[PDB]
Protein chains: 2
Amino acid sequence: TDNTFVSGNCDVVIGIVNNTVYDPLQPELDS
Amino acid sequence: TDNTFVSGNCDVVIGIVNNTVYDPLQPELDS
């Protein structure tokens, strides 16, 4: 999430793909 | 905080206004 940024949804961009964003806040909450 | 950065104070800036900053750690820590 620090290298990328969010804008809109995935129903507009042509050629868009799916992946998993490694949010660094997630393992900090679980620690 | 991902779109702004802190510096100085609200006394030196001419024409500054008041607002509220969405802290991404606030809802994540509460959740």
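Computed from the coordinates by the stated procedures, all read-outs in this text should not be read as laboratory data. Here the Cβ is made from the backbone with ideal geometry for all residues, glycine too, and neighbour counts use every protein chain on show.
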Practice problem: Run the dipole for the protein assembly as shown about the Cα centre, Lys and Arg Cβ at +1, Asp and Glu Cβ at -1, nothing else charged, and hand back the magnitude in debye, nearest 20. | Solution: 260 debye
Quiz item: Roughly how crowded by other chains is peptide A:19-25, in terms of the mean Cβ count from those chains within 10 Å of each of its Cβ atoms?
Solution: 1
Self-check item: Shape parameters for the protein assembly as shown, alpha-carbon atoms, Rg then Dmax in Å
Solution: 17.0, 49
